[PDB]
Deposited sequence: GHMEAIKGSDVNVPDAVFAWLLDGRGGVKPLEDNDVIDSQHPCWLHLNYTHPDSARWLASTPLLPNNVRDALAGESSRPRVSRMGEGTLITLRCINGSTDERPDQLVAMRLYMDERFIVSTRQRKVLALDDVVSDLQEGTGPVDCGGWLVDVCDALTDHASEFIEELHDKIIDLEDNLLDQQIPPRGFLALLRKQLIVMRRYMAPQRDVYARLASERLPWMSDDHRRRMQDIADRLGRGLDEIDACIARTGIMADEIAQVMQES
């Protein structure tokens, strides 16, 4: 509560995908101009940075440092965390669609163009009254959902590959496709895994010890995923080589 409160009207963007106050018990209520936003009543503002009103807010609001306005407007790629004083700027990837957020103890503003399937898990939990109760718990639930999705996909590639290891030669272009996807997962998940690890050790006021603990688990989970991606990549290379032998045996 070391921070100054915010007026609802100050973050009440009309064309926002979501404009919510967390009720501190797992649910949400509609943001309103007269609400007071503080660390016990955080606001989550979710925007399509393409919609008119959203772009203008993003472009002019005093609540954002000048240097993050562009990022949130889409000008960011690599998974990354940064600190702009009291605030924290985070870019994350899903399986590659991107989620960009600026948040502090009082509020979160996240933006995207293409929908982030991970956020729907959090929105559903909130609608059900079983979501995050504060800003720290929100980021943790988001990073957890992103990791659920990344993990599920990594395992899907693993199974298709295991299948290939037996079932005859593969259809033309397929093995080359799996390899390409693994390499794309690797390129973006390695940095993102470092974002998780940093949030887990960085001393954030609005992140508790439990929060940093949950994150570290999420970071190790993802770490184990990159490990599996790497073994899979090696297998796709071995498979291509041995496929060439099968063909030469004509």
Item to check | Deposited-sequence stretches lacking C-alpha coordinates, listed in sequence order | outcome: 96 to 105, 178 to 181
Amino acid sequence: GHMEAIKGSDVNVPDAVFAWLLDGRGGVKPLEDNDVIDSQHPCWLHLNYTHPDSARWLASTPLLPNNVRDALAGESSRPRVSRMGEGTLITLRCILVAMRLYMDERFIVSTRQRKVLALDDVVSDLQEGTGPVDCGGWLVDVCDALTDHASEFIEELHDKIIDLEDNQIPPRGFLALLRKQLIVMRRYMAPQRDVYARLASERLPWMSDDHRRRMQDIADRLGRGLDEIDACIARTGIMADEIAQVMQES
From here on, numbers count along this sequence of modelled residues.
Checklist entry - Which of the two stretches, 81 to 89 or 100 to 108, shows the higher mean Cα temperature factor in the record? => result 81 to 89
Checklist entry - Do the CA atoms of 62 to 70 or those of 214 to 222 have the higher mean B-factor in the entry? => result 62 to 70
Checklist outcome for this item: Based on the PDB entry, the highest CA temperature factor among the options 154, 95, 142, 178 is that of 95
Item to check | For residue 193, the third of its chain into which the C-alpha B factor falls | outcome: middle
Item to check | Record-listed C-alpha B factor of residue 36: chain third | outcome: middle
Checklist entry - Split the chain's modelled residues into thirds by Cα B-factor; is residue 46 in the lowest, middle or highest one? => result lowest
Checklist outcome for this item: Chain-relative C-alpha B factor for residue 207 (record values, thirds): the middle
Item to check | Record-listed C-alpha B factor of residue 113: chain third | outcome: middle
